[PDB]
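Below: the structure, in structure tokens.
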Amino acid sequence: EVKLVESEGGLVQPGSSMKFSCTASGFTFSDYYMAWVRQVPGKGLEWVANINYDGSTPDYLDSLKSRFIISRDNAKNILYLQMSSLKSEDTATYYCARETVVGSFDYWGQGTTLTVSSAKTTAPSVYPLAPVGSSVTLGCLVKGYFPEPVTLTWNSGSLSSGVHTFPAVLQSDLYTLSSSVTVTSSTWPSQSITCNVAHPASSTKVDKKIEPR
Amino acid sequence: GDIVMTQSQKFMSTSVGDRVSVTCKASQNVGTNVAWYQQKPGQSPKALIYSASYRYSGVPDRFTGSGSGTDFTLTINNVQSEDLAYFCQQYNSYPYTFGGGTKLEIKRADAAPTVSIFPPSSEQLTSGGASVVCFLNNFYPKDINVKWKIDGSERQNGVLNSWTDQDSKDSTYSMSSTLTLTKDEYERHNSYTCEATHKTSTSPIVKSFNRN
Amino acid sequence: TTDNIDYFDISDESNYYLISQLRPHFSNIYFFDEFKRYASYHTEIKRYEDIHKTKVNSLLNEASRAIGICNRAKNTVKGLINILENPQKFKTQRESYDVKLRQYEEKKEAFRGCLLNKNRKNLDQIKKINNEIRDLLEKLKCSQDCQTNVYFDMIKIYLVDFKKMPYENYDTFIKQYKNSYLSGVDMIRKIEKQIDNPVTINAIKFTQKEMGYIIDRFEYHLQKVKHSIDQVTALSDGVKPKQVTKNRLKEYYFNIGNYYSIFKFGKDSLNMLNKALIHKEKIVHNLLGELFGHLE
């Protein structure tokens, strides 16, 4: 019904800059305050800034009034958040949110990850996990990527139920993750099962299929 | 500059049939200017209630809001496995501020883990690169111990583990344990063993692999 | 020759609202101006400044522009009025006066329909802002200890503003206008005995029938202007609680804002209808002087 879609996120070195955008559809953009909210993964929410109807008066969190600029384009229905002189503390997932007359957030985008780091973007290595009962368990090991996150999917969403995707563990500036899937022994390997991984930071996608060993 | 919303309880124990109240404390009087959000695993937050009490359209009536002044409460009737986190927000004055969030910790019958061990891939061996993965899946209660054995001898060196949050469907827990070696190091041993110890059994669940 | 036909109004299908050709076309816009003054005394609803600067004016421009869309429809009716009111220019084409009358009401109701329909989304915005206003009043921290100083303060200002407009002059004028107008209606009916030819008396009866529409328009606004005066004074002479509930203070602000906005609206229309009734009185009498010359 109401859609807030934020631009692609990215990884940035301290001191550099990144501008996010957010395209709005399904409502009159010019009828609402719009805002940005950021959340460090696994942590609470933090309001960053907001903008009024015509964009005449933006307001910010005091700590960020210096480095953060919020802007709107009512003709194109897009909200912008320009950041400068970024630091590691600024690493978060940033949400595009439509603000209520009172100060509520009625609708949220899906968020866009910004990672601030001196570390280098590394594509993940995807290895299959196959064994040597009625149900069978297969796995994927996504190893050696940076930054986070990676999207992991089995058979393009066909396999939704038996999935477990464990949180990544960081060692030496690279992440390692693991995904489980439990499927009926009748279906595997009679029917193939492939493991879809996506690392938006490097714009790479991997689809390794698990074949019996 | 500052208004603080406090959700003193980070985790709250409950059961599926239950009805539970989650509290949020405001540092000053904010009148009714409080809103409540949910955040399920891997999701953007979604609004539920504004004006401490008013439910957005399409929000289930098993969510109720109360409170005025400084003590606000969200009530979640008929708890579900899918439920997790809840954030309060004040919009009385700038800057807007959220509570720390509260997650529901559901209680269920104890479940025994399913243990599966996987040898290193041939792709990783070429890297290389040797990682053995053990999956301890869908167990309850939460805590579990995994023990790695190479050729019958215990090995604590070089093991990284990962735990899932509470599953939104069966309310169980899962855990991944990865044993990483150099390819040469890996190929001087024949048997690699994973051992799960859980309150559900006196004897450990043992899964083994032999390079044949 | 009628040169301006700004006395045509249209009501919605359920009759809650009233569209007018003159700015701001809705009394709802004057309520939004009043509420601007109320927000001044409440810091927690300070965002109404941006609501009023941006959304209310953008509604006013869209109101004026959606009114301008009916411009071609307006002069189409205006072209028919001048044919029917002037016997000499009715003679410049032969169509049955009855047929030309049917065309007039077609084009009229078509024109009035244009006013309503091209303003469907503007009434939607009046409704949105109204709901937007009440949600903002929720941010007042009082719950049952809401102060009525603003409420009774603004009432005092209104009562002074209601003194400025001459109600009695407007009222005295329409009583004489209607009383004489009906006398001309009875006279024409009684006197068509001696008139052999009807086209100039048909022009008289047309102007008199349009004189009836504007009279009723005048009485409607006069009746609603008096209603506003009487009921705000009724609030100023009644019990004056100093504290009240948050929801009843919303009603309070909406009440006086409504009464004052309607008053401002009636003031805008009565001045125009007053002109329109005088102007039609010159056209009628010219045709009466025309009629009597032909009596010989």
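By convention here, the chains of the structure tokens are called A, B, ... in the order presented, each chain's residues are numbered starting at 1, and ligands are numbered starting at 1 in the order presented.
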- Item | Secondary structure check, strand (DSSP E or B) residues of region 15-201 of chain B, as an MDAnalysis selection string | chainID B and resid 20:26 34:39 46:50 54:55 63:68 71:76 85:90 97:98 102:106 111 114:118 129:140 145:150 153:154 159:163 173:182 191:197
Taking only C-alpha atoms into account, which residues of chain C are within 7 Å of chain A, as number ranges by chain?
C: 54, 132, 136, 139
Closest of C:11, C:40, C:236, C:286 to residue 157 (chain C), counting only C-alpha atoms, is C:236
If the cut-off is 6 Å, can you tell me the residues of chain A near chain B, counting only C-alpha atoms? I'd like them as a compact mmCIF listing (two decimals) with N, CA, C and O atoms, in the first residue's frame.
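Output file selection-v9.txt follows:
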```
# COMPACT_ATOMS: atom_id res chain seq x y z
N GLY A 44 19.20 -0.75 20.00
CA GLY A 44 17.99 0.04 19.97
C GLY A 44 17.96 1.03 18.82
O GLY A 44 18.89 1.15 18.02
N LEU A 61 19.22 15.34 15.36
CA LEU A 61 19.82 15.07 16.65
C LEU A 61 21.05 15.95 16.82
O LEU A 61 21.86 16.07 15.89
N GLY A 103 4.38 13.00 15.69
CA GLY A 103 5.76 12.63 15.88
C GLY A 103 5.92 11.12 15.86
O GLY A 103 6.96 10.58 16.25
N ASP A 106 4.50 6.12 11.08
CA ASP A 106 3.43 5.23 10.62
C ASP A 106 3.96 4.12 9.72
O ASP A 106 3.45 3.00 9.78
N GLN A 110 12.59 -0.55 4.35
CA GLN A 110 13.24 -1.79 4.73
C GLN A 110 14.62 -1.57 5.34
O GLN A 110 15.23 -2.54 5.82
N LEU A 129 27.72 -28.06 2.13
CA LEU A 129 27.81 -28.97 3.27
C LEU A 129 26.87 -30.14 3.03
O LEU A 129 25.64 -29.97 3.09
N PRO A 131 26.35 -34.62 3.73
CA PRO A 131 26.79 -35.71 4.62
C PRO A 131 27.69 -36.72 3.93
O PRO A 131 27.91 -36.65 2.71
N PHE A 166 22.57 -19.02 10.92
CA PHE A 166 23.20 -18.60 12.16
C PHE A 166 23.92 -17.26 11.98
O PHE A 166 24.41 -16.95 10.89
```
| task | Output the contact residues of chain C with respect to chain B at a cut-off of 9 Å, based on only C-alpha atoms, as an MDAnalysis selection string. | result | chainID C and resid 44 138:143
Restrict the selected residues to N, CA, C and O atoms and save them as a PDB file, in the first residue's frame.
```pdb
ATOM      1  N   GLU C  44       2.708  23.017  22.330  1.00  0.00           N
ATOM      2  CA  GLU C  44       2.840  21.614  21.950  1.00  0.00           C
ATOM      3  C   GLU C  44       2.223  21.328  20.584  1.00  0.00           C
ATOM      4  O   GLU C  44       2.469  20.264  20.003  1.00  0.00           O
ATOM      5  N   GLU C 138      -4.251  16.155  20.479  1.00  0.00           N
ATOM      6  CA  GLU C 138      -3.934  15.098  21.429  1.00  0.00           C
ATOM      7  C   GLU C 138      -2.635  15.368  22.175  1.00  0.00           C
ATOM      8  O   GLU C 138      -2.450  14.852  23.283  1.00  0.00           O
ATOM      9  N   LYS C 139      -1.737  16.169  21.599  1.00  0.00           N
ATOM     10  CA  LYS C 139      -0.436  16.426  22.203  1.00  0.00           C
ATOM     11  C   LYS C 139      -0.496  17.418  23.360  1.00  0.00           C
ATOM     12  O   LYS C 139       0.530  17.636  24.015  1.00  0.00           O
ATOM     13  N   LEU C 140      -1.651  18.025  23.621  1.00  0.00           N
ATOM     14  CA  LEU C 140      -1.822  18.813  24.835  1.00  0.00           C
ATOM     15  C   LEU C 140      -1.717  17.887  26.045  1.00  0.00           C
ATOM     16  O   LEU C 140      -2.392  16.855  26.108  1.00  0.00           O
ATOM     17  N   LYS C 141      -0.862  18.248  27.004  1.00  0.00           N
ATOM     18  CA  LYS C 141      -0.570  17.347  28.114  1.00  0.00           C
ATOM     19  C   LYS C 141      -1.691  17.280  29.142  1.00  0.00           C
ATOM     20  O   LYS C 141      -1.784  16.285  29.869  1.00  0.00           O
ATOM     21  N   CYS C 142      -2.532  18.308  29.227  1.00  0.00           N
ATOM     22  CA  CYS C 142      -3.719  18.225  30.064  1.00  0.00           C
ATOM     23  C   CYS C 142      -4.589  17.055  29.618  1.00  0.00           C
ATOM     24  O   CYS C 142      -4.585  16.660  28.450  1.00  0.00           O
ATOM     25  N   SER C 143      -5.323  16.481  30.567  1.00  0.00           N
ATOM     26  CA  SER C 143      -6.217  15.372  30.256  1.00  0.00           C
ATOM     27  C   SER C 143      -7.631  15.697  30.716  1.00  0.00           C
ATOM     28  O   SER C 143      -8.593  15.530  29.959  1.00  0.00           O
TER      29      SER C 143
END
```
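Our summary of the geometry notes that CA of residue 159 (chain C) is positioned 25.9 Å from CA of residue 16 (chain C).
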Just list the residues in region 102-175 of chain C DSSP gives alpha helix (DSSP H) on the backbone, as a ChimeraX atom specification.
/C:102-117,120-137,149-164,167-175
Please identify all polymer residues within 12 Å of residue 153 (chain C), counting only C-alpha atoms, omitting same-chain residues fewer than 2 positions from it, and present them as a list in words.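 Once the nearby chain positions are removed, what remains is residues 37, 38, 41, 147, 148, 149, 150, 151, 155, 156, 157, 158, 159, 160, 235, 236, 240, 242, 253 and 256 of chain C.
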Computed gap from CA of residue 276 (chain C) to CA of residue 84 (chain C) is 17.0 Å
* May I have the residues within 12 Å of residue 185 (chain B) as an MDAnalysis selection string, using only C-alpha atoms and disregarding those fewer than 6 positions away in the same chain? => chainID B and resid 125 128:131 150 179
Would you compute the distance between CA of residue 48 (chain C) and CA of residue 133 (chain C)? Give it in Å to one decimal.
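Going from CA of residue 48 (chain C) over to CA of residue 133 (chain C) covers 7.9 Å.
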Which residues are close to residue 27 (chain C), i.e. within 8 Å by only C-alpha atoms, leaving aside same-chain residues fewer than 5 positions away? Reply as a compact mmCIF listing (two decimals) with N, CA and C atoms, in the first residue's frame.
```txt
# COMPACT_ATOMS: atom_id res chain seq x y z
N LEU C 18 -20.42 23.92 1.63
CA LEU C 18 -20.95 24.95 0.75
C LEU C 18 -19.80 25.59 -0.01
N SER C 261 -15.92 31.25 11.45
CA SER C 261 -15.65 31.03 10.03
C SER C 261 -16.91 31.19 9.20
N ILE C 262 -18.03 30.64 9.67
CA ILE C 262 -19.30 30.80 8.97
C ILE C 262 -19.69 32.27 8.92
N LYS C 264 -17.57 34.92 8.98
CA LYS C 264 -16.71 35.50 7.95
C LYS C 264 -17.17 35.12 6.56
N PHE C 265 -17.65 33.89 6.39
CA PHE C 265 -18.16 33.45 5.09
C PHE C 265 -19.41 34.22 4.71
```
